[PDB]
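These notes concern the structure reproduced below.
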Amino acid sequence: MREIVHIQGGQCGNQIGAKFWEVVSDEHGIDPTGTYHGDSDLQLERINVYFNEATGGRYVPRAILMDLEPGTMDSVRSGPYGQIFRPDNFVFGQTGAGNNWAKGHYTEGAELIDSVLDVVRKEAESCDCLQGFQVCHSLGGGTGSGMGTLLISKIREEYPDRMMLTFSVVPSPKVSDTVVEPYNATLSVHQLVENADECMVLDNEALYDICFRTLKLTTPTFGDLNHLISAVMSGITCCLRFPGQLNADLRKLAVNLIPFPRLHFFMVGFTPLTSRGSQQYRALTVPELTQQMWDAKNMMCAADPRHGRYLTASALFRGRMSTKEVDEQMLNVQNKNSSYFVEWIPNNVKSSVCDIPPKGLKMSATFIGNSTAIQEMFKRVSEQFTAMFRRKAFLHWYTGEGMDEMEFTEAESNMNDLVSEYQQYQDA
Amino acid sequence: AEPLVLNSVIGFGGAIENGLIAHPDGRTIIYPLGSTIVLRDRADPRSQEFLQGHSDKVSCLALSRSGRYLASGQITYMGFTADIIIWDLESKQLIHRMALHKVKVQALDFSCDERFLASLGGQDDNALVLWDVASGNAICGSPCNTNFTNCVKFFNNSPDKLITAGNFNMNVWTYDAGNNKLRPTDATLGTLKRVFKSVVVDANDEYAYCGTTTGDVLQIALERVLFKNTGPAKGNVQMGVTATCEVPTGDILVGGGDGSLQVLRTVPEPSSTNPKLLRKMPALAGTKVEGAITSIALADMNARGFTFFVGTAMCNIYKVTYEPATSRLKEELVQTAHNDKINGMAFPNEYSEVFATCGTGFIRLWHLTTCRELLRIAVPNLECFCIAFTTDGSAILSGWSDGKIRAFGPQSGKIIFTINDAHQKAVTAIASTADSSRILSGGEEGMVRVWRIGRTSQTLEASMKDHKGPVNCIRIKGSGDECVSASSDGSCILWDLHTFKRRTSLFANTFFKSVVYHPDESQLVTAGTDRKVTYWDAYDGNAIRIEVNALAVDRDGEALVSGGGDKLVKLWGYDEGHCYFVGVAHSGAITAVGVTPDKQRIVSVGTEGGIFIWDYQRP
Amino acid sequence: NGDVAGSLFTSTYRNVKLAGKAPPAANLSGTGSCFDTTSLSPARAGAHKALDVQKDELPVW
Amino acid sequence: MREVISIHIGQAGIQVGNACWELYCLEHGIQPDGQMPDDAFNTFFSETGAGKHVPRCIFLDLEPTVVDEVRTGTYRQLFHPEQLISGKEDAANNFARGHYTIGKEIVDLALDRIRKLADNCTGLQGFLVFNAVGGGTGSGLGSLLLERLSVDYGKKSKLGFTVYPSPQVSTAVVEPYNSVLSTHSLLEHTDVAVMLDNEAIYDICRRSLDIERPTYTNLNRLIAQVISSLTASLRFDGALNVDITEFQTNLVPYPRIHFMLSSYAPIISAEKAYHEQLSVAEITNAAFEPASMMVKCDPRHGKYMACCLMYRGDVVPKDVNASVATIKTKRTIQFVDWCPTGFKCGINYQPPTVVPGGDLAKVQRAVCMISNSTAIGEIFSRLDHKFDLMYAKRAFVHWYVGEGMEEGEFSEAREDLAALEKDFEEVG
Amino acid sequence: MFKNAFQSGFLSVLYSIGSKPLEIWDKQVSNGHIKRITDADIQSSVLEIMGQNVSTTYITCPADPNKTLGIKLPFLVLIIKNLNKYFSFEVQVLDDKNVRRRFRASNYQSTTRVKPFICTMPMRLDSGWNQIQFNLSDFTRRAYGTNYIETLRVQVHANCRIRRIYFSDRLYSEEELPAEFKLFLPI
Amino acid sequence: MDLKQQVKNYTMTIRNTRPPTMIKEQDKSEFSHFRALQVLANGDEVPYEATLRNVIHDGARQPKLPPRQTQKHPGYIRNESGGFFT
Ligand SMILES: CC(=O)O[C@H]1C(=O)[C@@]2(C)[C@H]([C@H](OC(=O)c3ccccc3)[C@]3(O)C[C@H](OC(=O)[C@H](O)[C@@H](NC(=O)c4ccccc4)c4ccccc4)C(C)=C1C3(C)C)[C@]1(OC(C)=O)CO[C@@H]1C[C@@H]2O
Ligand SMILES: Nc1nc2c(ncn2[C@@H]2O[C@H](COP(=O)(O)OP(=O)(O)OP(=O)(O)O)[C@@H](O)[C@H]2O)c(=O)[nH]1
Ligand SMILES: Nc1nc2c(ncn2[C@@H]2O[C@H](COP(=O)(O)OP(=O)(O)O)[C@@H](O)[C@H]2O)c(=O)[nH]1
Ligand SMILES: [Mg+2]
């Protein structure tokens, strides 16, 4: 039960999905051939949440791979873990996205959704009790933003009761690999707020620092960044997969984190994170894991917590430990930094716990926080957008797809309305 | 004095990839142990010659052609250099001792000319270095790249180029003549990301074959290094290719990480349907062996086929005789060895022909005159501690890291009983009464308990004898009724067990590992951290005081045999106290020692994963 | 019903690239570049082929 | 003739049950395989046609991830699978999802399991609930169930051992919401309800047994001891035998006031057991210690409307008469005027049995003190506070109104508490 | 099997939507095929079975013989598409007396003929999708004058598209049925 | 509760009705092993795998995570008042 279907949009989303499916395939101990070669029974009790059975004792992922320009889909097929995907779980088109949110969401998106919806419906019905969805965006490119939102809007009006996640990678405030990037960001946000339930936001810039300071990596390639997104994405669901003294389904994480329907942009962090040297000296206890997670550096988003207060947070532990320690740790933190939380919320952390740790480790944890610090991120973009929209730069591409200007003005105002709500509950 | 003939040694270095070697045109099998190399006779499974020159543990093994000297790598501690050692043959002693690779040694190989020896750094400090053999000195050195390489191979001809593969990289390096440099050329493969594990070169440097964690066996040309053919058609190896080798007929033996051992004939074939396209490699013969295959060596029998010595991760050695005439592949199991860290020894009472070894995965049974282990009672995940025979000849008791005791029989059938929650965690010592009516269990959380045992009904009584630390050992007088419990606080306690009232005996200078009675006497011998073999009085006294872990005595108190953290075995005239007949070459922390009651044999076993047999002579 | 124009290219790519499946071996004799006109062969397609079995391989009764 | 039906709703409920039904099979020699090698077990078992003894319990839950653990644990041979109920989806800490949308569809199932279980019992003493307030299942469903019970029996007695949301330590952000809603509905249905919380027991393991790493499994062993000593007279002999009817008539003077605290003594490890004598005077003093309570309440901030004592082991009736005289002499303890008496005691001759792997030690004496004190209204005032502290912001209310509820129930659950709070003040 | 279970309002034996719908069913095909495809009218998955020689391509409800499907609910309802081909299905019944009757309904038959152990009867299927309900307790009374106790086996032959098979315990109306136990044909 | 869980419960009911007979979940060549051992006792020539016998048990799931040690060093933490933990 609680099965979950997984979607990957855009190039990046298709790439981190290659790791998420490679990390999990090793967790439950299956092979690149799709055969199981683990040892315990916990590898099999809740395997159905991530896989469908196959003939001959194979396991294939409940994944969908959507992206134009099928060149990328040859890559993931050629990776060491491409042989587990059903080669008909591949929807694509020869034409490019071009980073134009419009065509990704108006012209070339409308040509594929009828096929994608055919595929997601097919394996939405392959689940006994479908828990929810989850995607992998990239708010910069046109595939991720344009196709992702159009897909999401379709799912929402078809599966209203279910829940939609989003591991959207936000653009960088300092770095802009593209130029029309703020146009793709704001236009997507005008869709997510009303058409999602939980939306993690992640930025590669913070992923570079974490790999630089903590991990002491010299050359963090995109794999390592993807290796981190994979790590957390597995940490969210170990309750659904493994036994736990206090299990946390995704719907109970929702209700404990979003007091208002619109404040569903989260802030994520993983722990423990050390180099190979520090691994020898540091000891793995609940104290280490909670001070590291409550640090302002582990936040993979380009937002400073100290500029805001946690409306609510939540920590997920996995590893044989004592529940009392994690119960008082979240208490002390709630006491000392009383300025970093709110008053109308008496206890604003939830401390779930699982019984089975990661593969080679013995204790681990994951931090999720709904702080008002994220309002900074949207503030920034809302300038770069209103900077060029004041000059109508690059806008002719967007009128080239039957769009108008009202679409932007409505979209921008939606964020200014949103970030306004993050200020109301931040009484400084 | 060191007269102690080494009659038998059973052990094998399992996970040492390519560790198994056969003497070229020789009568010896070479393979590593805990910290030594062993040269067994190819035929007489007694003639062993061991080479011990490393400090921590052998990690890689390479043997030059023409039965010439062989190189052995080594793993070391965190920040201390590794130690490659070149060992001569036809003399069997050290020649050179080279030091680099601060973390460990990853790969070694000789060139076709025996003049060059290439090394590969560990995970950290991963660089490629060349060594001269006349002068044990580094000629050339260069760091490969960030994606750390795994294996390196000299070309069979032109001993001036060598191919190396790793995580996401393959290169061919040629040693320049004008300087101390070597130039690499990278491998160009079409949008392929494969974690190469094993690499082999054909006889004529035409095609390099390379295994893969995915399971492919990529064959590439070597004039230019580009890729040619993927791997085994009609499927894909299960756990990825690990142990690959070449049969002289041009075909390839492939062994995956599951035990699938097959033969791929690699001749460039055209695709039947599409003529300008190639097929994949077919599979002539295939078989299943027990465990992941890690090492393959050749033996040219030439009558029908070839006999390959195959060392699997489960420390089993197979003799795979394959003849391509009828494409028939038959395997035989030559020798088995324990896996790692043999925990407990056990002798059946009044029996000096069979014994039992509790290890970290399951219980094995062996006998005296030959290894020829009898059975392996398996328990999947949790490990066994302090195997024991119920007195007078009866069941086998085994307490596990779960905190539960379980009983088995001779054929051991199905579990006689399971005393669960016998301690808090990790029951550590277990003893039985001379009447097989009660069983003592000393747990790791500093507690002692005893269970009354009927014939088919078990009795769970609440003794709860509280001790000060983990119970290393528990002994009981076979003559009367008493108990001794050692500790990781050394306070050996004499329990009466008639009233269970802890006869107030205490011995506190350090924490102890093994205590033994003198047979039919009020004496005691205890062994702990500091070198102490002190003889006590059962009447609260210390007769005499003379890193040690294990003790044993004969029928009468003739020869106290002992061992510990030191890699030796000390025999003592008990009444006199001299260390006559001391034995060496047990590479690791020896854990247990036994005397084989009826006969004169001393069995020694330690954490290295091996077992040794010596004779017994006392003045 | 559904169109046939679009489906074909995506199908051919999914079959040849994604899976290890074959084209399989489409004969392109007589056809050179996109500029030179091909030399049309006199053969006809869907033609039943004669029996190739030898004389003697036929068993006797 | 004298049997009880023990229900276990929610994760904590069935967790504690995994300790109670662990203790009872040892208290009566029942092997884990159903059968040992009269009336000493009928209260908690029912011998089958031959050999096996099934525990007359019910394990109910909406999260499959924990019931399926007993389904594969060592204690599967005990339970017939028709007892262990599960569900494809859980309540996710929403009272409405537990009480309105999901719980409505499985009560008819369990109600038939009970009806199939009450008929086997000849003399039905009473039900034995294990609610865990603070979740969706325990609160939403458990309350829906008890409504369906009082319409069937009414005259029967429905007990309850409800873990309450602790003031300081709390692992939910919304649990002040559901807690109020649960009490507003269970109060008029149940007739007596024991109350306790986690942290009060966390300290006891630190003070008395001195274990720095207590887990949920440790507290569960202590809840096992409370009940065994409570129900021993139902299954054992002894002077002043106590029955639920005679346990209930003289402890709830008013219909509304039925909540009460608990306590237990002695609570010591093995080494502290040898340097003692454990006189009946020691225990009754330790039992009356406000620190030995199982709820974070200050009894000295109120009086004792009534008290009750169930001793165990080697006691004689005169010393209790002597010790209770010593207690009525001290001034720290108060009693309201309209109750001159207030001590309905009881003895049994069967000592407390210790479980191997347990933290307690073997003792030939024990006391379990239950008392209805007007001091308990302070902890109700906390939940009285946090509710309006958040309902002022209408936080999380979109979940409840979105799940078959409205604002009316909140306001109506509100008034009941203020009315209940004044009742605790009308006694003075 | 299905003994000592709980059947009060509904009991679904087969559902096209699921990780593995033929958990308990045995499937035997000789010149046919079984698969799960997305229907067009009811835009969801339907498990279709087809093939020549109707009497040979079928699926039995209990996984193997000598194992009965103890179910005591009177009404039995199937949701089937009418492919305008030969379709038939059979249901075995235990009477109050220990005698196993069996009734079958065929669309290629035109007359009903009561027999000691069998009762064949025609079925007048509609066009396209339709749900068919069997009283299954009036039938035993009308045929053999006895009482219904409990079904034993169910079997459905070729040339049909199944969506739902469920016992109802009474004739529920289109309103009283839950969302899953009804025909919602979209546009 | 549902079809899948009812099938599950019926299978579990069958498992409980049947005696598990403390079974070992794998049976190797019992009498062949005995016969090979008797051949070794006197004839002194038996294949190694013929002499071998293998028996497996369930053991447990949960593949040997290392211990948590449940306790610090008795020089850092003290009980409430000065005093070790046990
Ligand atoms: C001797 C030892 O313990 O080595 C560790 C190790 O030293 C460290 C440094 C590991 C190591 O990780 C890295 O080196 C690394 C590099 C780039 C980006 C991220 C990590 C390790 O690779 C990671 C690896 O951890 C795992 O396997 C986790 O269970 C992790 N696994 C993977 O992500 C994974 C997936 C597929 C293939 C390989 C690895 C995981 C995390 C969450 C959920 C599931 C799995 C282990 C134990 C180690 C090494 C090998 C050095 C660390 O990673 C994790 C997630 O454990 C880096 O920070 C931790 C701390 C560990 O101590
Ligand atoms: N003493 C004790 N308390 C526990 C235990 N497990 C959980 N709790 C507490 O019980 C409360 C939640 O119980 P749950 O059963 O998980 O909640 P629920 O009723 O199932 O509602 P949902 O989570 O929506 O399904 C929390 O306060 C827990 O801290 C336990 O094992 N022992
Ligand atoms: N973590 C990670 N992020 C990437 C990677 N590649 C691209 N990104 C980012 O994803 C954005 C581009 O999105 P993309 O999918 O390529 O364009 P689209 O096809 O129009 O959606 C850019 O901001 C990239 O920096 C990658 O490999 N790993
Ligand atoms: Mg819950």
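Residues in the structure tokens are named by chain (A, B, ... in the order shown) and by number from 1 within that chain; ligands are numbered from 1 in the order shown.
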
What does the list of residues within 7 Å of ligand 3 look like if you count only C-alpha atoms and all ligand atoms, written as a PDB file with N, CA, C and O atoms, in the first residue's frame?
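In the end it all went to out14.pdb:
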```pdb
ATOM      1  N   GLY A  10      12.239  17.764 -17.698  1.00  0.00           N
ATOM      2  CA  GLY A  10      13.436  18.520 -17.991  1.00  0.00           C
ATOM      3  C   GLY A  10      14.679  17.651 -17.999  1.00  0.00           C
ATOM      4  O   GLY A  10      14.664  16.473 -17.641  1.00  0.00           O
ATOM      5  N   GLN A  11      15.788  18.262 -18.417  1.00  0.00           N
ATOM      6  CA  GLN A  11      17.060  17.547 -18.460  1.00  0.00           C
ATOM      7  C   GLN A  11      17.570  17.252 -17.055  1.00  0.00           C
ATOM      8  O   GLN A  11      17.893  16.106 -16.723  1.00  0.00           O
ATOM      9  N   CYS A  12      17.671  18.289 -16.221  1.00  0.00           N
ATOM     10  CA  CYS A  12      18.105  18.102 -14.842  1.00  0.00           C
ATOM     11  C   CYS A  12      17.205  17.115 -14.111  1.00  0.00           C
ATOM     12  O   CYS A  12      17.685  16.161 -13.488  1.00  0.00           O
ATOM     13  N   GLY A  13      15.892  17.332 -14.177  1.00  0.00           N
ATOM     14  CA  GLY A  13      14.965  16.419 -13.530  1.00  0.00           C
ATOM     15  C   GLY A  13      15.137  14.988 -13.994  1.00  0.00           C
ATOM     16  O   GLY A  13      14.991  14.049 -13.210  1.00  0.00           O
ATOM     17  N   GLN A  15      17.980  13.883 -14.892  1.00  0.00           N
ATOM     18  CA  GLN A  15      19.317  13.477 -14.479  1.00  0.00           C
ATOM     19  C   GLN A  15      19.362  13.119 -13.000  1.00  0.00           C
ATOM     20  O   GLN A  15      19.884  12.065 -12.629  1.00  0.00           O
ATOM     21  N   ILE A  16      18.832  13.990 -12.137  1.00  0.00           N
ATOM     22  CA  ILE A  16      18.748  13.644 -10.723  1.00  0.00           C
ATOM     23  C   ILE A  16      17.873  12.414 -10.532  1.00  0.00           C
ATOM     24  O   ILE A  16      18.104  11.611  -9.620  1.00  0.00           O
ATOM     25  N   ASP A  67      10.578  14.566 -21.577  1.00  0.00           N
ATOM     26  CA  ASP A  67      11.435  15.652 -22.027  1.00  0.00           C
ATOM     27  C   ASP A  67      11.465  15.698 -23.545  1.00  0.00           C
ATOM     28  O   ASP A  67      11.589  14.662 -24.202  1.00  0.00           O
ATOM     29  N   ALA A  97      13.016  22.698 -26.491  1.00  0.00           N
ATOM     30  CA  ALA A  97      12.299  23.565 -25.565  1.00  0.00           C
ATOM     31  C   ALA A  97      12.704  25.019 -25.747  1.00  0.00           C
ATOM     32  O   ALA A  97      11.858  25.916 -25.675  1.00  0.00           O
ATOM     33  N   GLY A  98      13.990  25.271 -25.974  1.00  0.00           N
ATOM     34  CA  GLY A  98      14.458  26.619 -26.210  1.00  0.00           C
ATOM     35  C   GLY A  98      14.357  27.558 -25.032  1.00  0.00           C
ATOM     36  O   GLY A  98      14.507  28.769 -25.214  1.00  0.00           O
ATOM     37  N   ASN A  99      14.095  27.041 -23.831  1.00  0.00           N
ATOM     38  CA  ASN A  99      13.945  27.837 -22.615  1.00  0.00           C
ATOM     39  C   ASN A  99      12.800  28.835 -22.706  1.00  0.00           C
ATOM     40  O   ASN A  99      12.711  29.759 -21.893  1.00  0.00           O
ATOM     41  N   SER A 138      13.044  22.127 -12.990  1.00  0.00           N
ATOM     42  CA  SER A 138      14.177  23.043 -13.030  1.00  0.00           C
ATOM     43  C   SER A 138      13.601  24.368 -13.527  1.00  0.00           C
ATOM     44  O   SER A 138      13.409  24.545 -14.732  1.00  0.00           O
ATOM     45  N   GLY A 140      14.426  27.052 -14.334  1.00  0.00           N
ATOM     46  CA  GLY A 140      15.101  27.824 -15.356  1.00  0.00           C
ATOM     47  C   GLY A 140      14.701  27.420 -16.760  1.00  0.00           C
ATOM     48  O   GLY A 140      14.260  28.255 -17.553  1.00  0.00           O
ATOM     49  N   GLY A 141      14.842  26.138 -17.075  1.00  0.00           N
ATOM     50  CA  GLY A 141      14.576  25.667 -18.416  1.00  0.00           C
ATOM     51  C   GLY A 141      13.103  25.692 -18.777  1.00  0.00           C
ATOM     52  O   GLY A 141      12.216  25.868 -17.943  1.00  0.00           O
ATOM     53  N   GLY A 142      12.846  25.500 -20.069  1.00  0.00           N
ATOM     54  CA  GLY A 142      11.496  25.543 -20.593  1.00  0.00           C
ATOM     55  C   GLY A 142      10.760  24.228 -20.469  1.00  0.00           C
ATOM     56  O   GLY A 142       9.532  24.210 -20.345  1.00  0.00           O
ATOM     57  N   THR A 143      11.493  23.115 -20.511  1.00  0.00           N
ATOM     58  CA  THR A 143      10.860  21.815 -20.331  1.00  0.00           C
ATOM     59  C   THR A 143      10.325  21.669 -18.914  1.00  0.00           C
ATOM     60  O   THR A 143       9.123  21.474 -18.705  1.00  0.00           O
ATOM     61  N   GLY A 144      11.213  21.758 -17.928  1.00  0.00           N
ATOM     62  CA  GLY A 144      10.836  21.635 -16.536  1.00  0.00           C
ATOM     63  C   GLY A 144       9.705  22.554 -16.129  1.00  0.00           C
ATOM     64  O   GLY A 144       8.665  22.093 -15.656  1.00  0.00           O
ATOM     65  N   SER A 145       9.893  23.859 -16.315  1.00  0.00           N
ATOM     66  CA  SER A 145       8.865  24.817 -15.927  1.00  0.00           C
ATOM     67  C   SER A 145       7.625  24.683 -16.803  1.00  0.00           C
ATOM     68  O   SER A 145       6.521  24.434 -16.307  1.00  0.00           O
ATOM     69  N   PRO A 171      16.235  29.009  -9.704  1.00  0.00           N
ATOM     70  CA  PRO A 171      17.405  29.639 -10.318  1.00  0.00           C
ATOM     71  C   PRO A 171      18.341  30.183  -9.251  1.00  0.00           C
ATOM     72  O   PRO A 171      18.007  30.281  -8.069  1.00  0.00           O
ATOM     73  N   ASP A 177      22.606  30.868 -15.423  1.00  0.00           N
ATOM     74  CA  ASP A 177      23.138  30.142 -16.570  1.00  0.00           C
ATOM     75  C   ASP A 177      22.393  30.487 -17.849  1.00  0.00           C
ATOM     76  O   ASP A 177      22.970  30.415 -18.936  1.00  0.00           O
ATOM     77  N   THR A 178      21.119  30.838 -17.749  1.00  0.00           N
ATOM     78  CA  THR A 178      20.358  31.368 -18.867  1.00  0.00           C
ATOM     79  C   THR A 178      20.131  32.860 -18.646  1.00  0.00           C
ATOM     80  O   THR A 178      20.596  33.445 -17.665  1.00  0.00           O
ATOM     81  N   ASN A 204      21.404  25.288  -6.679  1.00  0.00           N
ATOM     82  CA  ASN A 204      22.705  24.657  -6.860  1.00  0.00           C
ATOM     83  C   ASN A 204      23.828  25.426  -6.181  1.00  0.00           C
ATOM     84  O   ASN A 204      24.840  24.822  -5.812  1.00  0.00           O
ATOM     85  N   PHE A 222      28.160  17.984 -11.491  1.00  0.00           N
ATOM     86  CA  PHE A 222      26.720  17.925 -11.309  1.00  0.00           C
ATOM     87  C   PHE A 222      26.275  16.604 -10.697  1.00  0.00           C
ATOM     88  O   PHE A 222      25.213  16.557 -10.072  1.00  0.00           O
ATOM     89  N   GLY A 223      27.068  15.541 -10.844  1.00  0.00           N
ATOM     90  CA  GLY A 223      26.717  14.280 -10.208  1.00  0.00           C
ATOM     91  C   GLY A 223      26.635  14.394  -8.698  1.00  0.00           C
ATOM     92  O   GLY A 223      25.685  13.911  -8.076  1.00  0.00           O
ATOM     93  N   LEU A 225      26.164  17.119  -6.829  1.00  0.00           N
ATOM     94  CA  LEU A 225      24.942  17.855  -6.537  1.00  0.00           C
ATOM     95  C   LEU A 225      23.731  16.941  -6.648  1.00  0.00           C
ATOM     96  O   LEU A 225      22.909  16.861  -5.730  1.00  0.00           O
ATOM     97  N   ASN A 226      23.621  16.222  -7.767  1.00  0.00           N
ATOM     98  CA  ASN A 226      22.547  15.247  -7.909  1.00  0.00           C
ATOM     99  C   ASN A 226      22.640  14.162  -6.848  1.00  0.00           C
ATOM    100  O   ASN A 226      21.613  13.630  -6.411  1.00  0.00           O
TER     101      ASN A 226
END
```

What are the residues of chain B that have an atom within 9 Å of an atom of chain F, counting only C-alpha atoms, as a compact mmCIF listing (two decimals) with N, CA, C and O atoms, in the first residue's frame?
```txt
# COMPACT_ATOMS: atom_id res chain seq x y z
N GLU B 332 35.07 -28.39 -9.54
CA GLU B 332 35.27 -29.18 -8.34
C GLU B 332 35.64 -28.23 -7.22
O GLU B 332 36.21 -27.16 -7.46
N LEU B 333 35.31 -28.59 -5.98
CA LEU B 333 35.66 -27.77 -4.83
C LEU B 333 36.88 -28.38 -4.17
O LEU B 333 36.78 -29.43 -3.52
N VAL B 334 38.04 -27.74 -4.33
CA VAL B 334 39.27 -28.29 -3.78
C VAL B 334 39.35 -28.05 -2.28
O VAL B 334 39.42 -28.99 -1.48
N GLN B 335 39.32 -26.78 -1.87
CA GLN B 335 39.52 -26.43 -0.48
C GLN B 335 38.55 -25.34 -0.05
O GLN B 335 38.25 -24.44 -0.83
N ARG B 372 38.70 -30.93 5.51
CA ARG B 372 37.51 -31.67 5.12
C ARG B 372 36.33 -31.37 6.04
O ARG B 372 35.75 -32.26 6.67
N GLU B 373 35.99 -30.08 6.12
CA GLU B 373 34.93 -29.65 7.03
C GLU B 373 33.65 -30.43 6.78
O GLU B 373 33.29 -30.75 5.65
N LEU B 374 32.94 -30.74 7.87
CA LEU B 374 31.83 -31.67 7.79
C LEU B 374 30.53 -30.97 7.40
O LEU B 374 29.87 -31.37 6.44
N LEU B 375 30.16 -29.92 8.13
CA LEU B 375 28.94 -29.20 7.81
C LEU B 375 29.07 -27.75 8.26
O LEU B 375 29.97 -27.39 9.03
N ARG B 376 28.15 -26.93 7.75
CA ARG B 376 28.09 -25.50 8.04
C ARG B 376 26.64 -25.15 8.37
O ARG B 376 25.82 -24.98 7.47
N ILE B 377 26.34 -25.07 9.66
CA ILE B 377 25.00 -24.66 10.08
C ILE B 377 24.91 -23.15 10.00
O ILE B 377 25.60 -22.43 10.73
N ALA B 378 24.02 -22.66 9.13
CA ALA B 378 23.99 -21.26 8.75
C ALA B 378 22.90 -20.51 9.50
O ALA B 378 21.77 -21.00 9.63
N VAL B 379 23.25 -19.32 9.97
CA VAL B 379 22.28 -18.35 10.47
C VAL B 379 22.60 -17.03 9.77
O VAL B 379 23.72 -16.51 9.89
N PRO B 380 21.65 -16.47 9.03
CA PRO B 380 21.98 -15.44 8.03
C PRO B 380 22.72 -14.21 8.53
O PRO B 380 23.86 -13.97 8.11
N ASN B 381 22.11 -13.44 9.42
CA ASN B 381 22.59 -12.08 9.69
C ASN B 381 23.47 -11.99 10.93
O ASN B 381 24.63 -11.58 10.85
N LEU B 382 22.93 -12.36 12.09
CA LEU B 382 23.62 -12.16 13.35
C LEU B 382 24.67 -13.24 13.59
O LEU B 382 24.53 -14.38 13.14
N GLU B 383 25.72 -12.88 14.32
CA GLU B 383 26.90 -13.73 14.47
C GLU B 383 26.85 -14.54 15.76
O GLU B 383 26.21 -14.15 16.74
N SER B 401 24.82 -12.72 18.81
CA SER B 401 24.78 -11.29 19.09
C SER B 401 23.37 -10.76 19.29
O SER B 401 23.21 -9.61 19.72
N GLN B 411 24.00 -33.92 13.51
CA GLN B 411 23.45 -33.49 12.23
C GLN B 411 22.73 -32.17 12.38
O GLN B 411 22.41 -31.52 11.38
N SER B 412 22.43 -31.81 13.63
CA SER B 412 22.02 -30.49 14.08
C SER B 412 20.65 -30.12 13.59
O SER B 412 20.06 -29.16 14.10
N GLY B 413 20.13 -30.88 12.63
CA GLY B 413 18.73 -30.86 12.29
C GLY B 413 18.11 -29.49 12.39
O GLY B 413 18.49 -28.54 11.70
N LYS B 414 17.16 -29.41 13.31
CA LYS B 414 16.39 -28.22 13.60
C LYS B 414 16.65 -27.81 15.06
O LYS B 414 17.02 -28.63 15.90
N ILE B 415 16.47 -26.52 15.33
CA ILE B 415 16.97 -25.91 16.56
C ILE B 415 16.36 -26.59 17.77
O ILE B 415 15.14 -26.53 17.97
N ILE B 416 17.20 -27.17 18.63
CA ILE B 416 16.69 -27.91 19.78
C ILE B 416 15.86 -27.00 20.69
O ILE B 416 14.77 -27.37 21.14
N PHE B 417 16.37 -25.81 20.99
CA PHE B 417 15.60 -24.79 21.69
C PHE B 417 16.27 -23.44 21.49
O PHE B 417 17.43 -23.36 21.09
```

Quick one: pull the distance between atom CA of residue 376 of chain A and atom CA of residue 419 of chain A, Å, one decimal.
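Here the two named atoms are 8.2 Å from each other.
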
Name each residue within 9 Å of ligand 1, counting only C-alpha atoms and all ligand atoms, as number ranges by chain.
A: 19-20, 22-27, 211, 214-215, 217, 220, 223-228, 230-235, 238, 270-280, 357-362, 364
